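Visitor:
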């Protein structure tokens with residue numbers, strides 16, 4: 034009980050974030066920075082660090098240095114194609130030469 038029709042105050046100007054959000058489908062989960070861009074998948078990259086099957090190397094895709102793995106041993110200065118992403122590493126294979134001799 035009570036009730037007051039005295040209105041001299043204005044509405045709005047009140048913000049307060051209730052309910053974080055749970056029991057729903059996880060969308061992305063923290064859309065933060067440095068998120069892997071799939072737009073560079075299927076393009077050429079260059080080998081900056083020697084790549085081995087035991088330890089991934091470093092390739093420069095666009096302008097970013099990524100860890101890259103391969104089934105063969107890749108030396109520096111080579112050109113590779115990024116086929117897929119295995120996680121925090123990229124799946125790359127080396128461009129093929131041609132012996133016209």
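Residue numbers (the numbering used here): 34 to 134. Built from N, CA and C at the ideal position, the CB exists for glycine as well.
Can residue 94 and residue 76 be called in contact, C-beta distance under 9 Å?
Guide: Result yes, Cβ atoms of residue 94 and residue 76 sit closer than 9 Å.
Visitor: Any chance you could list the beta strand (DSSP E) runs of at least 3 consecutive residues sitting entirely within the region 92-129, in chain order?
Guide: 97-102, 112-118 and 123-127, all fully within the region 92-129.
Visitor: Apart from the five residues just before and just after residue 107, which ones in its own chain have a Cβ nearer than 6 Å to its Cβ?
Guide: Excluding sequence neighbours, residue 107 sits near 80, 84 and 127.
Visitor: Compute the distance between the beta-carbons of residue 110 and residue 100, then report whether it is under 9 Å.
Guide: No; because the gap between Cβ atoms is not below 9 Å, this pair is not in contact.
Visitor: Does the distance from the C-beta atom of residue 115 to that of residue 74 stay below 9 Å?
Guide: Their beta carbons are under 9 Å apart, which means residue 115 touches residue 74 by this criterion.
Visitor: Would you decide whether residue 102 is buried or exposed? Buried here means 16 or more other CB atoms lie within 10 Å of its CB.
Guide: Buried, because 16 or more other Cβ atoms sit within 10 Å of the Cβ of residue 102.
Visitor: Which residues in the same chain have their Cβ closer than 7 Å to the Cβ of residue 129, if we skip the five residues on either side of it in sequence?
Guide: Excluding positions up to five away in sequence, the list is empty.
Visitor: Considering only DSSP beta bridges, list what residue 90 is partnered with.
Guide: Paired residues: 101.
Visitor: With the cut-off set at 9 Å, would you say residue 123 and residue 78 are in Cβ contact?
Guide: Yes, these two residues count as a Cβ contact at 9 Å.
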